[PDB]
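These notes are about the structure you will find just below.
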Amino acid sequence: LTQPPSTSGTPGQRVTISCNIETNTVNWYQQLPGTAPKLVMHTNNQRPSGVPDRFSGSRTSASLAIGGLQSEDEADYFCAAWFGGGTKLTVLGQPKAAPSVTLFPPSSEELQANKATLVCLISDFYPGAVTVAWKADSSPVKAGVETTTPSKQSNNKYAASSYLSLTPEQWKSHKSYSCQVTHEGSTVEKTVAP
Amino acid sequence: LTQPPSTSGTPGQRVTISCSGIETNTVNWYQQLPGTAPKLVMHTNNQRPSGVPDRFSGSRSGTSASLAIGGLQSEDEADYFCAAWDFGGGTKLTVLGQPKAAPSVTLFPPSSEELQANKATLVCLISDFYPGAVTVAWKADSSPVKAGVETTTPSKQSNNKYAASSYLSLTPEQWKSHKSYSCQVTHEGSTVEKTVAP
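Same order as they appear, the protein sequences are chains A and B. Letter by letter, the first sequence follows residues 4 to 22, 28 to 67, 70 to 92, 101 to 212 in the entry's author numbering. Letter by letter, the second sequence follows residues 4 to 24, 29 to 93, 101 to 212 in the entry's author numbering.
Encoded structure:
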């Protein structure tokens, strides 16, 4: 069972995945990253419940047609009969979306534990690429930064977070700290203070 | 089919993977290395397909199942799925490549600026852990909460340990009605639980 390893389409379109079998029937599985494979097609053409009507399958070869392409259809699709390699389906032309930024100062609990951490929460953006710079007062912060790789979430938009570690004495010695998130050549800045 | 989120071992050990639910029906086990299609490694409780090594052995006791992997070898790091009739969530199996490390867990109350916008979000920061797999459970006062919970998938930071964060979206009325909120992180079978209060 060999499959094309990738394919793509734009929302509203119709895409199909191509795929011992001449006698037996073919099943299809949809798998999202970090998730168990989910059956979406039965004895060539019967859908499990919960699978939308947009999905139809047909059958030495077998095919999975996906109608009215949506962002949530982005996935790996495997052929199976009595598994194929896989087909990663990419939904292109999804809308751009600027990020939501929320900056959290160190809590009284942490500062009492003689530590201090700031979190810059970044969510609800697309595409999944950002850059982060920090600022102490108005000056660059060049030490103690980590920014996670953005991962797609339920709402089909990306989320990441950047954190900064300081001593309590630094967080008070300054007047404010700032987190600046650049997404598609447009920047958003948030500031917190003691 | 309940199935533990993650497990781990070092080369040469015997590692087992559990699966529970299935008393009147058999269980299959699937191996999926990164970037590959799921492969059948065990059917009808304990029947090894052709090219599976002897060291894989399936069993089933009561209404629970198990897959044991003897002589753990680096080519076995993968996801393992159990699949019975009337698919488990999976188990991430890691062949330890560095010393295990338990996560730092830091919980934040909502920020001053976002309340003035009718938003109240909690953040549970999770850093410095290996292997890179955790599960997060939020609780309001003493009650489970899943409405509005989003967790980022972990990524390797500069100390070669992993980091992630879970965040809870609430209104300010939810945030002010409860006496406390809790974040619990489970890693390598252990839990840590931090708590906040307005």
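C-beta: ideal position from N, C-alpha, C; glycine also.
The stretch 184-201 of chain A / the stretch 137-154 of chain A touching (three or more Cβ pairs under 8 Å): yes
Anything in the stretch 160-182 of chain B with a Cβ closer than 7 Å to a Cβ of chain A? List those residues in chain order, please. 164, 166, 167, 169, 171, 172, 177, 178, 179 and 181
Among residues of its own chain, excluding the 5 on either side of residue 132/B, which ones have a beta-carbon nearer than 8 Å to its beta-carbon? Within the second sequence, residue 132/B is the residue found at index 118, counting from 1. Excluding residues within five positions, the ones whose Cβ falls inside 8 Å are 185 and 186.
Proximity test, Cβ basis, 9 Å: residue 59/B and chain A: As a first step, residue 59/B must be located in the second sequence, where it is residue number 52. Taking Cβ atoms only, chain A never reaches closer than 9 Å to residue 59/B, which makes this a no.
Selection from 18/A, 146/A, 47/A and 41/A that minimises the alpha carbon distance to residue 34/A: For the purposes of this step, residue 34/A is identified with residue 26 of the first sequence, where counting begins at 1. Among 18/A, 146/A, 47/A and 41/A, the Cα nearest to that of residue 34/A belongs to 47/A.
Given that residue 42/A touches chain B, what residues does it touch there, using C-beta distances under 7 Å? To locate residue 42/A, count along the first sequence from 1; it is residue 34. 167, listed in chain order.
Based on the DSSP secondary-structure assignment, which residues constitute the bridge partners of residue 153/A? In the first sequence, counting from the first residue as 1, residue 153/A sits at position 135. Paired residues: 158/A and 196/A.
For residue 207/B, three-class secondary structure by DSSP: Stepping through the second sequence from its first residue, residue 207/B is reached at position 193. Of the three classes helix, strand and coil, the one that applies to residue 207/B here is strand, per DSSP.
Should residue 30/B be labelled buried (16 or more other beta-carbon atoms within 10 Å of its own) or exposed? The residue labelled residue 30/B in the question sits at position 23 within the second sequence. By the neighbour-count rule (16 or more Cβ atoms within 10 Å), residue 30/B is not buried but exposed.
Tell me the DSSP bridge mates of residue 22/A? One-based indexing of the first sequence puts residue 22/A at position 19. Answer by DSSP bridge pairing: none, since residue 22/A is not bridged.
Does DSSP put residue 184/A in a helix, in a strand, or in coil? Position 166 of the first sequence, counting from 1, holds the residue named residue 184/A. In this structure, residue 184/A counts as strand in the three-state DSSP scheme.
Residues bridged to residue 65/A by DSSP? Against the first sequence, residue 65/A aligns to sequence position 57. Answer is 74/A, bridged to residue 65/A.
Any beta carbon from chain B within less than 9 Å of residue 84/A's own beta carbon? Position 74 of the first sequence, counted from the start, is the residue given in the question as residue 84/A. Residue 84/A does not count as touching chain B.
Could you compute how far the alpha carbon of residue 70/B sits from the alpha carbon of residue 5/B? For the purposes of this step, residue 70/B is identified with residue 63 of the second sequence, where counting begins at 1. For the purposes of this step, residue 5/B is identified with residue 2 of the second sequence, where counting begins at 1. If you take the alpha carbons of residue 70/B and residue 5/B, they lie about 11 Å apart.
Are the stretch 77-92 of chain B and the stretch 164-180 of chain B touching by the rule of at least three beta carbon pairs closer than 8 Å? No, because fewer than three Cβ pairs between the stretch 77-92 of chain B and the stretch 164-180 of chain B fall closer than 8 Å, the two stretches do not touch.
Listing by chain order, which chain B residues have their CB less than 8 Å from the CB of residue 128/A? Residue 128/A sits at position 110 when you count from the first residue of the first sequence. The answer, in chain order, is 120.
Please classify residue 27/A as buried or exposed, where buried requires at least 16 neighbouring CB atoms within 10 angstroms. Missing from the coordinates is residue 27/A; the shown part of chain A jumps over it, going from 22 to 28.
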